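Student: an experimental structure, sequence included, is below.
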Amino acid sequence: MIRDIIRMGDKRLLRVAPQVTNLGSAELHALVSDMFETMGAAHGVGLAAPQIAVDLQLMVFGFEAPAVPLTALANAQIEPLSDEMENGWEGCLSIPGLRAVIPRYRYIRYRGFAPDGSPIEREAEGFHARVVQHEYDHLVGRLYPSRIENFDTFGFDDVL
Ligand SMILES: O=C(O)C[C@@H](Cc1ccccc1)[C@H](O)SCc1ccccc1
Ligand code: NI
Ligand code: NI
Ligand code: NI
């Protein structure tokens, strides 16, 4: 079922989310399936549960069309594997119509759980890594405008 995505300005995007504790449940399977459908209708590559006003450590991401594997990730934890940063374009479904250039870690490891309870641990780079970092920020109440360094790159998609 498609859910409403809340927009920047909503206090619900500024929370730090608690852990998922119903791995393998029907309830969690239903929420994940709704998040994939939601992400798909909005033409996203990532979506975090706080963006649909669900206060949990849970994100979906991915796309066929470099491809990033379709993933649902609960209780994520991330770590940089070097200090190397890379600039790239980002937008956000809770900030419709805008983009900016944002520095992120080029290389990371992330760990958490698939909805069925299986552990997930992967090394990621480039675009894969960026998506994960961007969604992770939602879980700790951060949006990308707080990370812009060059405000000349912040603007409307149709205009830039
Ligand atoms: O709003 C979110 O939290 C989901 C974003 C994820 C994103 C993260 C990093 C870089 C780009 C996007 C939305 O998917 S934005 C739509 C989009 C689609 C393809 C390429 C770029 C942006
Ligand atoms: Ni469509
Ligand atoms: Ni976002
Ligand atoms: Ni490589």
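Tutor: Alright, I've got the coordinates. Numbers count the residues shown, from 1 in each chain. Ligands and ions are numbered 1, 2, ... in the order given.
Student: quick check: longest helix of the protein.
Tutor: Counting by DSSP state H, the longest helix found in the chain is helix 26-41.
Student: buried residues in it?
Tutor: The neighbour-count check on helix 26-41 (16 or more other CB atoms under 10 Å) flags 28, 31, 32, 34, 35, 36, 38, 39 as buried. All C-beta atoms are positioned from the backbone trio N, CA, C, and that covers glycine.
Student: please name the nearest non-neighbouring residue to the residue nearest in space to the middle of the chain.
Tutor: Nearest to the geometric centre of the chain sits residue 135, at 2.0 Å (CA atoms, centre = their mean). Excluding the flanking residues, the one nearest residue 135 by CB to CB, 6 or more residues apart in numbering is residue 59, at 4.0 Å.
Student: residues in contact with whichever strand or helix holds that neighbour: which ones?
Tutor: Per DSSP states H and E: residue 59 is located in strand 58-63. Here strand 58-63 makes contact (CB atoms under 8 Å, 6 or more residues apart in numbering) with 17, 20, 31-32, 35-36, 39, 45-49, 68-74, 76, 131-132, 135-136, 138-139.
Student: any of the residues you listed buried? List them.
Tutor: Here, 16+ other CB under 10 Å leaves 17, 20, 31-32, 35-36, 39, 45-49, 68, 71-74, 76, 131-132, 135-136, 138-139 buried among the contacts of strand 58-63.
Student: what's near enough to touch residue 17?
Tutor: In this structure, residue 17 makes contact with 49, 50, 55, 56, 57, 58, 138, 139, 140, judged by CB under 8 Å, 6+ apart.
Student: SS state for the third one?
Tutor: Taking DSSP: H, G, I helix; E, B strand; the rest coil as the rule, one finds residue 55 in the coil state.
Student: isn't it up against residue 19?
Tutor: No: look at residue 55 against residue 19 with CB atoms under 8 Å: they stay out of range, at 10.7 Å.
Student: now for the longest strand along the chain, which elements pack on it?
Tutor: Ordering each strand of the chain by length in residues (DSSP state E) puts strand 68-80 first. Contacts defined by 3 or more CB pairs under 8 Å, 6 or more residues apart in numbering; DSSP states H and E place strand 68-80 against helix 26-41, strand 58-63, strand 107-113, helix 126-139.
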